[PDB]
Amino acid sequence: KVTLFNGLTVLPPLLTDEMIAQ
Amino acid sequence: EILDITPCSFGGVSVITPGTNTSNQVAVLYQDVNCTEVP
Ligand SMILES: *[C@@H]1O[C@H](CO)[C@@H](O)[C@H](O)[C@H]1NC(C)=O
Ligand SMILES: *[C@@H]1O[C@H](CO)[C@@H](O)[C@H](O)[C@H]1NC(C)=O
C-alpha cells in the first residue's frame, strides 16, 4: 500500500525490513 | 549527438574506530560509493 546530486544523501536504516519483521 | 551529464560519484567518509586506548586501528566507510571508485 505504501509505495512512493547536490549534497543530498539518504543513509540506510540500521535495522532492515527483514530484521523488523523478525 | 545528445549526451547525458551525471555528477561523478561522491559521498561522505566515516571512520570506524574503537577506543584509542584499546587499539589505534581504524576502518573507513565511503557512503554510497563503489569500492572500485575509492582509489
Ligand atoms: C583506556 O583503556 C585503559 C584500559 O583499561 C584504561 O586504563 C584507561 O583509563 C582508558 N581510558 C579511557 C579514556 O577510557
Ligand atoms: C561497481 O562497479 C561496476 C562498474 O562501475 C558496476 O558494474 C557494479 O555494479 C558496481 N557495484 C555495485 C555493487 O553497485
# chains A, B, ... in the order shown; residues from 1 in each chain; ligands from 1
>>> interface_residues(of="chain B", to="chain A", cutoff="9 Å", atoms="only C-alpha atoms", output="PyMOL selection string")
chain B and resi 6-7+10-12+31-32
>>> select_by_dssp(residues="chain A", states="helix (DSSP H, G or I)", output="number ranges by chain")
A: 17-21
>>> residues_near_ligand(ligand="ligand 2", cutoff="12 Å", atoms="only C-alpha atoms and all ligand atoms", output="ChimeraX atom specification")
/B:8-9,32-38
>>> residues_near_ligand(ligand="ligand 1", cutoff="9 Å", atoms="only C-alpha atoms and all ligand atoms", output="list in words")
residues 19, 20, 21 and 22 of chain B
